[PDB]
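Given as C-alpha coordinates, the chain that follows is alone and in the form deposited in one PDB entry.
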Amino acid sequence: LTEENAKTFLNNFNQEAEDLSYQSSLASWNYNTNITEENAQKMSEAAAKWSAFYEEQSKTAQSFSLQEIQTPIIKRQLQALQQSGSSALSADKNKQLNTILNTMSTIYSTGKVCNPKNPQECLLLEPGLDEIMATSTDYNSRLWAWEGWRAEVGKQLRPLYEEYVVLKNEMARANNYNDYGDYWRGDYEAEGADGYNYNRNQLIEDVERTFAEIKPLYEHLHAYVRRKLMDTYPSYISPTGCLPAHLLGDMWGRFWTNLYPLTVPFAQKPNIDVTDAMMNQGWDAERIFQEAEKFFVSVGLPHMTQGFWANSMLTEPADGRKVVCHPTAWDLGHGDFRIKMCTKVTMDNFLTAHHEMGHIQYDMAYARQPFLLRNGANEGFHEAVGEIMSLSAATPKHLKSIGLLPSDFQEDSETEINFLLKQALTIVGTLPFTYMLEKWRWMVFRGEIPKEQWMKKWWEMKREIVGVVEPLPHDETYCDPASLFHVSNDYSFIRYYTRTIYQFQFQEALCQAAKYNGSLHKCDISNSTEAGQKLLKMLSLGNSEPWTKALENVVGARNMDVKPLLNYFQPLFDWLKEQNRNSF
(Lines give C-alpha, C1' and ligand atoms only; values in the text may rest on other atoms or scores of the structure.)
Protein backbone atom coordinates (compact mmCIF):
# COMPACT_ATOMS: atom_id res chain seq x y z
CA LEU A 1 0.00 0.00 0.00
CA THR A 2 1.88 3.01 -1.40
CA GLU A 3 5.11 4.01 0.35
CA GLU A 4 3.45 3.92 3.78
CA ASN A 5 3.22 0.12 3.73
CA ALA A 6 6.47 -0.28 1.77
CA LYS A 7 8.57 1.52 4.39
CA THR A 8 7.19 -0.58 7.25
CA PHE A 9 7.64 -3.82 5.31
CA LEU A 10 11.20 -2.82 4.39
CA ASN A 11 12.03 -1.98 8.01
CA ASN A 12 10.66 -5.35 9.16
CA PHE A 13 12.66 -7.15 6.47
CA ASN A 14 15.81 -5.25 7.45
CA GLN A 15 15.42 -6.04 11.15
CA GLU A 16 14.74 -9.75 10.63
CA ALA A 17 17.24 -10.27 7.80
CA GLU A 18 20.02 -8.63 9.80
CA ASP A 19 19.75 -11.22 12.58
CA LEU A 20 19.22 -14.14 10.18
CA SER A 21 22.20 -13.13 8.01
CA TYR A 22 24.37 -12.69 11.10
CA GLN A 23 23.43 -16.19 12.26
CA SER A 24 24.14 -17.63 8.81
CA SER A 25 27.52 -15.87 8.62
CA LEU A 26 28.43 -17.02 12.14
CA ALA A 27 27.56 -20.61 11.22
CA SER A 28 29.63 -20.33 8.04
CA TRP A 29 32.61 -18.94 9.97
CA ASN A 30 32.31 -21.72 12.55
CA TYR A 31 32.25 -24.29 9.74
CA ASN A 32 35.24 -22.75 7.97
CA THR A 33 37.31 -22.69 11.18
CA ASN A 34 36.07 -25.91 12.84
CA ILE A 35 35.05 -28.27 10.02
CA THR A 36 33.61 -31.43 11.60
CA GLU A 37 30.48 -31.96 9.40
CA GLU A 38 28.44 -30.97 12.46
CA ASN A 39 29.30 -27.34 11.85
CA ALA A 40 28.46 -28.26 8.25
CA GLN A 41 25.02 -29.52 9.31
CA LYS A 42 24.26 -26.44 11.41
CA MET A 43 25.53 -24.14 8.64
CA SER A 44 23.29 -25.97 6.17
CA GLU A 45 20.22 -25.59 8.39
CA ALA A 46 20.96 -21.91 9.06
CA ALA A 47 21.42 -21.28 5.33
CA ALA A 48 18.16 -23.12 4.65
CA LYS A 49 16.33 -20.89 7.14
CA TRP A 50 17.92 -17.78 5.60
CA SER A 51 16.98 -18.89 2.08
CA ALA A 52 13.39 -19.69 3.08
CA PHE A 53 12.93 -16.32 4.78
CA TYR A 54 14.51 -14.45 1.86
CA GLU A 55 12.29 -16.30 -0.61
CA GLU A 56 9.17 -15.47 1.42
CA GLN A 57 10.12 -11.79 1.60
CA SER A 58 10.94 -11.77 -2.14
CA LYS A 59 7.53 -13.28 -2.91
CA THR A 60 6.02 -10.45 -0.88
CA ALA A 61 8.21 -8.08 -2.93
CA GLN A 62 6.76 -9.34 -6.22
CA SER A 63 3.33 -9.08 -4.58
CA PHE A 64 4.11 -5.38 -4.17
CA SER A 65 3.83 -3.08 -7.19
CA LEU A 66 6.59 -0.68 -8.21
CA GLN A 67 5.21 1.15 -11.26
CA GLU A 68 5.89 4.80 -10.36
CA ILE A 69 5.20 5.29 -6.63
CA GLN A 70 8.69 4.82 -5.17
CA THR A 71 10.86 7.82 -6.06
CA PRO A 72 13.60 7.50 -3.35
CA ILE A 73 16.09 4.70 -2.65
CA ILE A 74 13.09 2.72 -1.41
CA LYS A 75 12.71 1.85 -5.10
CA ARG A 76 16.28 0.53 -5.20
CA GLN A 77 15.83 -1.51 -2.02
CA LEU A 78 12.56 -3.02 -3.25
CA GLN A 79 14.17 -3.82 -6.61
CA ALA A 80 17.05 -5.56 -4.82
CA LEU A 81 14.50 -7.59 -2.87
CA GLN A 82 12.60 -8.17 -6.14
CA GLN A 83 15.55 -9.79 -7.93
CA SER A 84 14.63 -13.34 -6.91
CA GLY A 85 16.86 -15.30 -9.28
CA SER A 86 15.83 -18.85 -10.16
CA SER A 87 12.72 -19.27 -8.01
CA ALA A 88 8.91 -18.98 -8.14
CA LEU A 89 6.97 -20.59 -11.02
CA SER A 90 4.62 -23.57 -10.73
CA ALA A 91 5.32 -26.37 -8.27
CA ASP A 92 5.50 -29.00 -11.02
CA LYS A 93 8.04 -26.91 -12.92
CA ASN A 94 10.24 -25.98 -9.95
CA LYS A 95 10.20 -29.41 -8.28
CA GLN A 96 13.04 -30.60 -10.52
CA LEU A 97 15.04 -27.42 -9.82
CA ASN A 98 16.13 -28.80 -6.43
CA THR A 99 17.52 -31.88 -8.22
CA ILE A 100 20.03 -29.78 -10.21
CA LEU A 101 21.78 -27.62 -7.60
CA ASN A 102 22.72 -30.61 -5.44
CA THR A 103 24.49 -32.39 -8.32
CA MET A 104 25.91 -29.19 -9.84
CA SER A 105 28.69 -28.95 -7.25
CA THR A 106 29.48 -32.69 -7.19
CA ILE A 107 30.83 -32.77 -10.77
CA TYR A 108 34.13 -31.01 -9.98
CA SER A 109 35.61 -33.66 -7.68
CA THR A 110 34.72 -36.55 -10.01
CA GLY A 111 37.99 -36.06 -11.93
CA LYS A 112 41.11 -37.65 -10.48
CA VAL A 113 44.42 -36.51 -11.98
CA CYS A 114 47.77 -38.23 -11.46
CA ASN A 115 50.03 -40.66 -13.30
CA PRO A 116 47.64 -43.00 -15.19
CA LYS A 117 47.41 -46.34 -13.35
CA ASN A 118 50.78 -45.72 -11.66
CA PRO A 119 51.16 -45.70 -7.85
CA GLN A 120 54.36 -43.67 -8.22
CA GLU A 121 53.98 -39.86 -8.16
CA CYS A 122 50.20 -40.07 -7.81
CA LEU A 123 48.52 -37.65 -5.41
CA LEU A 124 44.98 -36.37 -4.90
CA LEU A 125 43.61 -32.89 -5.64
CA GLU A 126 45.10 -30.36 -3.21
CA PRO A 127 45.87 -26.68 -3.88
CA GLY A 128 48.91 -26.72 -1.58
CA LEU A 129 51.23 -28.73 -3.82
CA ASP A 130 49.62 -28.06 -7.21
CA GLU A 131 51.03 -24.52 -7.37
CA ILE A 132 54.55 -25.97 -7.05
CA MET A 133 54.19 -29.21 -9.04
CA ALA A 134 52.15 -27.97 -12.04
CA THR A 135 54.13 -24.92 -13.24
CA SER A 136 56.92 -26.49 -15.30
CA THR A 137 58.41 -25.00 -18.48
CA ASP A 138 58.96 -28.21 -20.45
CA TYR A 139 58.25 -29.35 -24.00
CA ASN A 140 56.92 -32.81 -22.99
CA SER A 141 55.32 -32.59 -19.54
CA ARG A 142 52.58 -30.25 -20.83
CA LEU A 143 51.04 -32.72 -23.30
CA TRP A 144 49.15 -35.41 -21.38
CA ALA A 145 49.10 -33.55 -18.05
CA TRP A 146 46.94 -30.95 -19.85
CA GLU A 147 45.03 -32.71 -22.65
CA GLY A 148 43.83 -35.36 -20.21
CA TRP A 149 42.76 -32.69 -17.72
CA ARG A 150 40.79 -30.83 -20.40
CA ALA A 151 39.21 -34.01 -21.79
CA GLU A 152 38.32 -36.02 -18.67
CA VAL A 153 36.35 -33.12 -17.17
CA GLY A 154 33.74 -32.29 -19.80
CA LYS A 155 33.01 -35.85 -20.88
CA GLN A 156 29.24 -35.29 -20.69
CA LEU A 157 29.04 -31.69 -19.46
CA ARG A 158 27.99 -30.22 -22.81
CA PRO A 159 25.06 -32.63 -23.49
CA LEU A 160 23.65 -31.71 -20.05
CA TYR A 161 24.34 -27.96 -20.14
CA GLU A 162 22.63 -27.88 -23.54
CA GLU A 163 19.26 -28.37 -21.85
CA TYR A 164 20.40 -26.72 -18.61
CA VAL A 165 20.79 -23.35 -20.34
CA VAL A 166 17.49 -23.85 -22.20
CA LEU A 167 15.56 -24.56 -18.99
CA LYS A 168 17.30 -21.66 -17.24
CA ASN A 169 16.40 -19.24 -20.05
CA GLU A 170 12.82 -20.52 -19.90
CA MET A 171 12.77 -19.01 -16.40
CA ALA A 172 13.16 -15.60 -18.07
CA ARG A 173 9.54 -15.86 -19.26
CA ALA A 174 8.29 -14.46 -15.92
CA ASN A 175 10.91 -11.89 -14.89
CA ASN A 176 10.47 -9.24 -17.62
CA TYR A 177 13.81 -10.18 -19.22
CA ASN A 178 14.85 -11.40 -22.66
CA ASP A 179 18.07 -13.42 -22.30
CA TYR A 180 20.09 -15.04 -19.53
CA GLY A 181 23.14 -13.29 -20.97
CA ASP A 182 21.37 -9.96 -20.53
CA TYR A 183 20.40 -11.08 -17.01
CA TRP A 184 23.95 -10.55 -15.73
CA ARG A 185 24.68 -7.28 -17.55
CA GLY A 186 21.29 -5.78 -16.69
CA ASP A 187 22.32 -5.16 -13.08
CA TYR A 188 23.86 -1.83 -14.15
CA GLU A 189 20.47 -0.22 -14.88
CA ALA A 190 20.41 3.12 -13.05
CA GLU A 191 18.72 6.41 -13.96
CA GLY A 192 19.09 9.69 -12.09
CA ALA A 193 17.29 12.44 -14.02
CA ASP A 194 16.03 13.48 -17.45
CA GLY A 195 18.65 13.17 -20.18
CA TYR A 196 20.72 10.68 -18.15
CA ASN A 197 18.52 7.62 -18.73
CA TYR A 198 20.45 4.35 -18.84
CA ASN A 199 19.86 2.17 -21.89
CA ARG A 200 19.58 -1.59 -21.47
CA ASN A 201 22.09 -1.99 -24.32
CA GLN A 202 24.68 0.47 -22.96
CA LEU A 203 27.38 -2.23 -22.79
CA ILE A 204 27.00 -3.35 -26.42
CA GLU A 205 27.59 0.19 -27.68
CA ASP A 206 30.19 1.55 -25.26
CA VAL A 207 32.57 -1.43 -25.54
CA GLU A 208 33.69 -0.89 -29.15
CA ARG A 209 35.34 2.45 -28.38
CA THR A 210 37.00 1.34 -25.14
CA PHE A 211 38.56 -1.84 -26.59
CA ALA A 212 38.57 -2.05 -30.39
CA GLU A 213 40.30 1.24 -31.25
CA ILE A 214 43.28 0.51 -28.97
CA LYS A 215 43.59 -3.22 -29.65
CA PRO A 216 46.86 -2.88 -31.66
CA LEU A 217 48.54 -1.21 -28.66
CA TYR A 218 47.90 -4.30 -26.50
CA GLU A 219 49.04 -6.53 -29.38
CA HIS A 220 52.65 -5.33 -29.64
CA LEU A 221 53.13 -6.51 -26.05
CA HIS A 222 52.14 -10.00 -27.21
CA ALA A 223 54.88 -9.71 -29.83
CA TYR A 224 57.41 -8.83 -27.11
CA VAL A 225 56.94 -12.16 -25.32
CA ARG A 226 57.42 -14.03 -28.61
CA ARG A 227 61.01 -12.82 -29.00
CA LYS A 228 61.94 -13.67 -25.40
CA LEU A 229 60.72 -17.27 -25.69
CA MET A 230 62.90 -18.10 -28.71
CA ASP A 231 66.11 -17.01 -26.98
CA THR A 232 65.62 -19.43 -24.08
CA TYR A 233 65.20 -22.48 -26.35
CA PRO A 234 64.61 -22.74 -30.11
CA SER A 235 61.60 -24.37 -31.76
CA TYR A 236 59.15 -22.54 -29.49
CA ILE A 237 57.50 -20.58 -32.32
CA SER A 238 57.04 -22.33 -35.65
CA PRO A 239 57.84 -20.12 -38.67
CA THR A 240 54.67 -21.36 -40.41
CA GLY A 241 52.56 -22.42 -37.41
CA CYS A 242 51.56 -20.81 -34.14
CA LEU A 243 52.95 -21.02 -30.62
CA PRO A 244 51.31 -23.75 -28.50
CA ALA A 245 49.00 -22.47 -25.78
CA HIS A 246 49.14 -25.57 -23.53
CA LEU A 247 52.85 -25.14 -22.72
CA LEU A 248 52.67 -21.45 -21.75
CA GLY A 249 53.26 -22.51 -18.14
CA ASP A 250 50.02 -21.37 -16.51
CA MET A 251 46.45 -20.91 -17.75
CA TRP A 252 45.47 -19.18 -14.49
CA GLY A 253 47.26 -15.94 -15.42
CA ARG A 254 48.41 -15.15 -11.87
CA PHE A 255 52.22 -15.03 -11.97
CA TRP A 256 55.21 -16.57 -13.74
CA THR A 257 57.40 -18.25 -11.11
CA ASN A 258 59.90 -19.40 -13.77
CA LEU A 259 59.93 -16.83 -16.60
CA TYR A 260 60.36 -13.78 -14.35
CA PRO A 261 64.12 -14.36 -13.75
CA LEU A 262 64.56 -14.95 -17.50
CA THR A 263 62.92 -11.67 -18.54
CA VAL A 264 65.57 -8.93 -18.41
CA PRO A 265 68.36 -9.74 -20.91
CA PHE A 266 71.06 -8.20 -18.70
CA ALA A 267 70.03 -9.96 -15.45
CA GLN A 268 72.61 -7.96 -13.49
CA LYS A 269 70.68 -5.60 -11.21
CA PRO A 270 69.65 -7.18 -7.87
CA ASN A 271 66.07 -8.13 -7.07
CA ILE A 272 63.99 -7.44 -3.97
CA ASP A 273 64.91 -9.23 -0.73
CA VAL A 274 61.92 -8.44 1.47
CA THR A 275 61.74 -11.81 3.24
CA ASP A 276 65.39 -11.55 4.30
CA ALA A 277 64.50 -8.31 6.11
CA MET A 278 61.22 -9.66 7.51
CA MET A 279 62.49 -12.92 9.01
CA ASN A 280 65.31 -11.40 11.07
CA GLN A 281 63.54 -8.26 12.34
CA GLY A 282 60.59 -10.18 13.81
CA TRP A 283 57.70 -9.55 11.41
CA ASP A 284 54.86 -12.05 11.86
CA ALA A 285 51.15 -12.45 11.14
CA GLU A 286 50.16 -10.57 14.31
CA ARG A 287 52.22 -7.56 13.16
CA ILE A 288 51.72 -7.41 9.38
CA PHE A 289 48.01 -6.71 9.89
CA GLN A 290 48.90 -4.04 12.46
CA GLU A 291 51.22 -2.43 9.90
CA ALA A 292 48.42 -2.52 7.32
CA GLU A 293 46.08 -0.87 9.84
CA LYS A 294 48.73 1.79 10.49
CA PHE A 295 48.97 2.46 6.75
CA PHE A 296 45.18 2.70 6.47
CA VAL A 297 44.81 5.08 9.42
CA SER A 298 47.67 7.22 8.09
CA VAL A 299 45.33 8.06 5.18
CA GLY A 300 42.24 8.82 7.24
CA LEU A 301 40.35 5.54 7.35
CA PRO A 302 39.26 4.58 10.89
CA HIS A 303 41.00 2.04 13.08
CA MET A 304 39.82 -1.55 13.25
CA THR A 305 37.47 -2.51 16.06
CA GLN A 306 38.69 -4.07 19.30
CA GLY A 307 37.00 -7.37 18.41
CA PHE A 308 38.77 -7.52 15.04
CA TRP A 309 41.95 -8.64 16.79
CA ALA A 310 39.96 -10.57 19.42
CA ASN A 311 38.41 -13.10 16.98
CA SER A 312 40.41 -13.20 13.75
CA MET A 313 42.38 -16.49 13.53
CA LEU A 314 45.43 -14.99 11.85
CA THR A 315 47.61 -18.01 12.74
CA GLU A 316 47.54 -21.79 12.26
CA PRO A 317 45.07 -23.80 14.37
CA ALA A 318 45.95 -25.84 17.45
CA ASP A 319 43.98 -29.11 17.69
CA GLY A 320 42.93 -30.51 14.32
CA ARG A 321 40.95 -27.43 13.24
CA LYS A 322 41.42 -27.77 9.49
CA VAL A 323 40.58 -24.61 7.55
CA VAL A 324 39.98 -23.98 3.86
CA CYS A 325 43.12 -21.97 3.07
CA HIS A 326 41.82 -18.84 1.34
CA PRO A 327 42.17 -15.15 2.30
CA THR A 328 38.60 -13.91 2.77
CA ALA A 329 37.43 -10.71 4.46
CA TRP A 330 34.32 -11.49 6.49
CA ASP A 331 31.52 -9.09 7.45
CA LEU A 332 29.54 -11.12 10.04
CA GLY A 333 26.39 -9.04 10.26
CA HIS A 334 26.43 -6.37 12.95
CA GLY A 335 29.91 -5.02 12.23
CA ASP A 336 31.96 -7.92 13.59
CA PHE A 337 34.47 -7.62 10.71
CA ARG A 338 36.48 -10.81 11.05
CA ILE A 339 39.25 -11.78 8.62
CA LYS A 340 40.30 -15.32 7.68
CA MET A 341 43.85 -15.94 6.44
CA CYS A 342 45.76 -18.95 7.82
CA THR A 343 49.14 -18.13 6.29
CA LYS A 344 52.73 -17.62 7.42
CA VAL A 345 54.93 -14.61 6.59
CA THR A 346 56.07 -14.33 2.96
CA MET A 347 56.40 -11.65 0.29
CA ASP A 348 52.84 -12.03 -1.03
CA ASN A 349 51.14 -12.57 2.34
CA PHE A 350 51.95 -9.00 3.41
CA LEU A 351 50.41 -7.53 0.25
CA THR A 352 47.36 -9.81 0.31
CA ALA A 353 46.86 -8.86 3.97
CA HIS A 354 46.83 -5.24 2.83
CA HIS A 355 44.30 -6.15 0.13
CA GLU A 356 42.07 -7.96 2.64
CA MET A 357 42.34 -4.99 5.01
CA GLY A 358 41.20 -2.85 2.09
CA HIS A 359 38.21 -5.16 1.70
CA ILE A 360 37.46 -4.69 5.41
CA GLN A 361 37.88 -0.91 5.12
CA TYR A 362 35.38 -0.85 2.25
CA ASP A 363 33.03 -2.94 4.40
CA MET A 364 33.48 -0.48 7.29
CA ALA A 365 31.95 2.31 5.21
CA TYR A 366 28.33 1.28 4.42
CA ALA A 367 27.31 -0.04 7.85
CA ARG A 368 24.87 2.89 7.89
CA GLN A 369 23.25 1.96 4.58
CA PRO A 370 20.16 -0.29 4.62
CA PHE A 371 20.77 -4.05 4.80
CA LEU A 372 19.78 -4.46 1.14
CA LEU A 373 22.29 -1.76 0.12
CA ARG A 374 25.15 -2.86 2.40
CA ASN A 375 27.12 -3.97 -0.67
CA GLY A 376 29.61 -2.46 -3.06
CA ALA A 377 28.30 0.11 -5.52
CA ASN A 378 29.30 -2.33 -8.29
CA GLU A 379 30.51 -5.90 -8.62
CA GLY A 380 33.98 -4.70 -9.59
CA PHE A 381 34.33 -1.90 -7.02
CA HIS A 382 34.67 -4.11 -3.94
CA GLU A 383 37.78 -5.98 -5.12
CA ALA A 384 39.25 -2.99 -6.97
CA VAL A 385 39.23 -0.79 -3.86
CA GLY A 386 41.28 -3.33 -1.92
CA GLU A 387 43.59 -3.91 -4.88
CA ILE A 388 44.28 -0.16 -5.04
CA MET A 389 45.88 -0.19 -1.60
CA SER A 390 47.46 -3.58 -2.34
CA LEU A 391 49.35 -2.12 -5.30
CA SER A 392 50.00 1.25 -3.63
CA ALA A 393 51.64 -0.39 -0.60
CA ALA A 394 54.13 -2.29 -2.79
CA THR A 395 56.27 0.64 -3.85
CA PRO A 396 59.85 0.93 -2.54
CA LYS A 397 59.13 4.52 -1.51
CA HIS A 398 56.56 3.05 0.88
CA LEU A 399 58.95 0.25 1.90
CA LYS A 400 61.79 2.66 2.64
CA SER A 401 60.34 4.88 5.39
CA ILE A 402 58.84 2.08 7.50
CA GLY A 403 62.18 0.30 7.82
CA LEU A 404 61.67 -2.87 5.80
CA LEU A 405 64.39 -1.83 3.35
CA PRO A 406 67.57 0.09 4.23
CA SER A 407 67.61 3.84 3.66
CA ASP A 408 70.98 3.72 1.88
CA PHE A 409 69.36 2.14 -1.21
CA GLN A 410 68.90 5.04 -3.62
CA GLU A 411 66.22 4.48 -6.25
CA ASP A 412 67.42 2.98 -9.53
CA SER A 413 66.17 3.47 -13.08
CA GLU A 414 65.88 -0.08 -14.42
CA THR A 415 64.80 -1.53 -11.06
CA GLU A 416 61.48 0.34 -11.04
CA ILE A 417 60.93 -0.61 -14.69
CA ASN A 418 61.49 -4.27 -13.80
CA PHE A 419 59.10 -3.93 -10.87
CA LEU A 420 56.38 -2.41 -13.05
CA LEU A 421 56.86 -5.01 -15.81
CA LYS A 422 55.62 -7.85 -13.60
CA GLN A 423 52.52 -5.93 -12.48
CA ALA A 424 51.81 -4.75 -16.04
CA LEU A 425 52.13 -8.32 -17.32
CA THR A 426 50.22 -10.19 -14.60
CA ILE A 427 46.91 -8.30 -14.95
CA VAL A 428 47.04 -6.33 -18.20
CA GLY A 429 47.25 -9.48 -20.30
CA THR A 430 44.27 -10.84 -18.36
CA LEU A 431 41.91 -8.25 -19.87
CA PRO A 432 41.95 -9.73 -23.42
CA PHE A 433 41.33 -13.20 -21.98
CA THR A 434 38.43 -12.01 -19.83
CA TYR A 435 36.98 -10.04 -22.76
CA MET A 436 37.08 -13.01 -25.14
CA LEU A 437 35.72 -15.40 -22.50
CA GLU A 438 32.83 -13.06 -21.65
CA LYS A 439 31.94 -12.45 -25.30
CA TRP A 440 32.04 -16.21 -25.96
CA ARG A 441 29.78 -16.74 -22.94
CA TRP A 442 27.34 -14.09 -24.19
CA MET A 443 27.23 -15.65 -27.66
CA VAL A 444 26.75 -19.22 -26.38
CA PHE A 445 24.03 -18.24 -23.90
CA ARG A 446 21.70 -17.59 -26.85
CA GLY A 447 21.66 -21.30 -27.73
CA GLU A 448 20.32 -20.69 -31.24
CA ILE A 449 21.92 -23.81 -32.79
CA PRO A 450 23.86 -26.93 -31.75
CA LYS A 451 27.49 -27.31 -32.80
CA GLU A 452 27.41 -29.13 -36.13
CA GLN A 453 28.39 -26.18 -38.35
CA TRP A 454 29.56 -23.47 -35.92
CA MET A 455 32.56 -25.59 -34.90
CA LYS A 456 34.76 -24.54 -37.82
CA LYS A 457 33.69 -20.88 -37.65
CA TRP A 458 34.40 -20.59 -33.91
CA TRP A 459 37.92 -21.97 -34.28
CA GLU A 460 38.60 -19.86 -37.37
CA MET A 461 37.56 -16.73 -35.45
CA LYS A 462 39.70 -17.78 -32.47
CA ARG A 463 42.70 -18.29 -34.76
CA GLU A 464 42.23 -14.94 -36.50
CA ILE A 465 41.71 -13.06 -33.21
CA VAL A 466 44.66 -14.19 -31.07
CA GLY A 467 46.51 -16.74 -33.19
CA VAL A 468 46.93 -19.61 -30.72
CA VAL A 469 45.58 -23.10 -31.37
CA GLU A 470 46.17 -26.66 -30.20
CA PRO A 471 48.54 -28.68 -32.41
CA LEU A 472 45.89 -31.40 -32.83
CA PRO A 473 42.08 -31.31 -32.58
CA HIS A 474 39.88 -33.42 -30.30
CA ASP A 475 36.60 -35.31 -30.52
CA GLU A 476 33.41 -34.60 -28.55
CA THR A 477 35.16 -35.15 -25.21
CA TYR A 478 36.34 -31.82 -23.72
CA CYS A 479 34.86 -28.47 -22.68
CA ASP A 480 36.96 -25.35 -22.16
CA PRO A 481 34.96 -23.25 -19.57
CA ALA A 482 34.66 -26.00 -16.96
CA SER A 483 38.06 -26.38 -15.27
CA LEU A 484 38.07 -23.18 -13.24
CA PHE A 485 36.91 -22.27 -9.74
CA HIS A 486 34.80 -19.23 -10.68
CA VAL A 487 33.08 -20.99 -13.58
CA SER A 488 32.35 -24.30 -11.80
CA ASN A 489 29.57 -22.68 -9.74
CA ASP A 490 28.40 -20.39 -12.60
CA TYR A 491 29.82 -17.03 -11.57
CA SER A 492 30.36 -13.95 -13.72
CA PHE A 493 33.55 -12.64 -15.33
CA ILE A 494 33.01 -8.87 -15.73
CA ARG A 495 33.95 -8.65 -12.04
CA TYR A 496 37.56 -9.51 -12.90
CA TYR A 497 37.49 -7.29 -16.02
CA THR A 498 36.11 -3.94 -14.83
CA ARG A 499 38.08 -4.21 -11.57
CA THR A 500 41.37 -3.29 -13.27
CA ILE A 501 39.95 -0.25 -15.07
CA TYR A 502 38.13 0.97 -11.96
CA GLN A 503 41.17 0.53 -9.71
CA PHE A 504 43.42 2.39 -12.15
CA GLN A 505 40.88 5.23 -12.47
CA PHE A 506 40.67 5.52 -8.68
CA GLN A 507 44.47 5.40 -8.37
CA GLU A 508 44.81 8.20 -10.93
CA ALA A 509 42.20 10.29 -9.11
CA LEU A 510 43.85 9.75 -5.72
CA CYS A 511 47.33 10.58 -7.03
CA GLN A 512 45.87 13.73 -8.60
CA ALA A 513 44.40 14.57 -5.18
CA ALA A 514 47.79 13.92 -3.57
CA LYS A 515 49.26 17.03 -5.27
CA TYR A 516 52.79 15.56 -5.28
CA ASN A 517 55.54 16.40 -7.76
CA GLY A 518 58.27 14.01 -8.92
CA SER A 519 57.14 10.96 -10.88
CA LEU A 520 53.75 9.35 -11.50
CA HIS A 521 54.51 6.16 -9.54
CA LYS A 522 56.02 7.49 -6.30
CA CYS A 523 52.61 8.95 -5.42
CA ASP A 524 51.12 7.04 -2.50
CA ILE A 525 47.75 7.17 -0.75
CA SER A 526 49.50 7.20 2.63
CA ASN A 527 49.88 10.51 4.50
CA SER A 528 47.19 12.13 2.32
CA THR A 529 44.17 13.08 4.43
CA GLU A 530 42.41 14.85 1.55
CA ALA A 531 42.80 11.74 -0.62
CA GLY A 532 41.50 9.77 2.36
CA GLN A 533 38.25 11.72 2.51
CA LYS A 534 37.99 11.71 -1.30
CA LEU A 535 38.10 7.90 -1.20
CA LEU A 536 35.82 7.64 1.85
CA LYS A 537 33.09 9.77 0.26
CA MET A 538 32.87 7.04 -2.40
CA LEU A 539 33.35 4.04 -0.10
CA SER A 540 30.63 5.12 2.35
CA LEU A 541 27.90 5.12 -0.28
CA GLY A 542 26.93 1.51 -0.99
CA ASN A 543 24.10 0.91 -3.45
CA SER A 544 22.03 3.91 -2.31
CA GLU A 545 23.42 6.03 -5.15
CA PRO A 546 24.06 4.67 -8.66
CA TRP A 547 27.67 3.78 -9.40
CA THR A 548 27.72 6.06 -12.46
CA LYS A 549 26.75 9.08 -10.35
CA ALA A 550 29.15 7.92 -7.62
CA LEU A 551 32.06 7.94 -10.07
CA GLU A 552 30.83 11.27 -11.47
CA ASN A 553 30.68 13.05 -8.11
CA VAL A 554 34.31 12.23 -7.26
CA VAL A 555 36.18 13.43 -10.36
CA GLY A 556 33.82 13.28 -13.37
CA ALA A 557 33.60 10.22 -15.61
CA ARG A 558 30.58 9.03 -17.59
CA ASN A 559 31.88 5.46 -18.04
CA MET A 560 35.07 3.41 -17.87
CA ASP A 561 38.25 5.37 -18.64
CA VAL A 562 41.30 3.51 -19.95
CA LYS A 563 43.15 6.81 -20.44
CA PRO A 564 44.37 6.81 -16.79
CA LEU A 565 45.62 3.25 -17.32
CA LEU A 566 47.52 4.30 -20.45
CA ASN A 567 48.89 7.46 -18.81
CA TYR A 568 50.14 5.29 -15.94
CA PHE A 569 52.80 4.12 -18.43
CA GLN A 570 52.92 6.94 -21.01
CA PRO A 571 55.65 9.04 -19.27
CA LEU A 572 57.85 5.91 -19.09
CA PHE A 573 57.23 4.13 -22.39
CA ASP A 574 60.28 4.91 -24.57
CA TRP A 575 62.07 1.94 -22.98
CA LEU A 576 59.53 -0.43 -24.51
CA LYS A 577 59.14 1.65 -27.68
CA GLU A 578 62.85 1.55 -28.56
CA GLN A 579 62.82 -2.27 -28.38
CA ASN A 580 59.90 -2.63 -30.84
CA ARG A 581 61.57 -0.88 -33.78
CA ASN A 582 62.85 -4.18 -35.26
CA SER A 583 59.48 -5.16 -36.77
CA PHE A 584 57.28 -3.95 -39.62
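One rule holds for the numbers: they count along the sequence shown, beginning at 1. Basically, rigid core = biggest C-alpha set you can superpose within 1.5 Å across the two forms.
Not pictured, yet referred to below: the form deposited in another entry.
Here the two forms are overlaid on the core, and between the shown form and the other one the C-alpha of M455 is the only one among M455, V324, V297, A277 to shift by 2 Å or more. Shown in the overlay between the shown form and the other one, fitted on the rigid core, is a CA shift at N14 smaller than 2 Å.
Relative to the superposed core, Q70 undergoes a Cα shift of 2 Å or more between the shown form and the other one. Taking 2 Å as the criterion, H521 counts as shifted between the shown form and the other one: its C-alpha moves by at least this amount when the rigid core is aligned. Legend note: Cα of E448 to Cα of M436 is at least 3 Å closer in the other entry than in the depicted form. The pair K322 and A482 separates in the other entry: their C-alpha atoms are at least 3 Å more distant from each other than in the form depicted.
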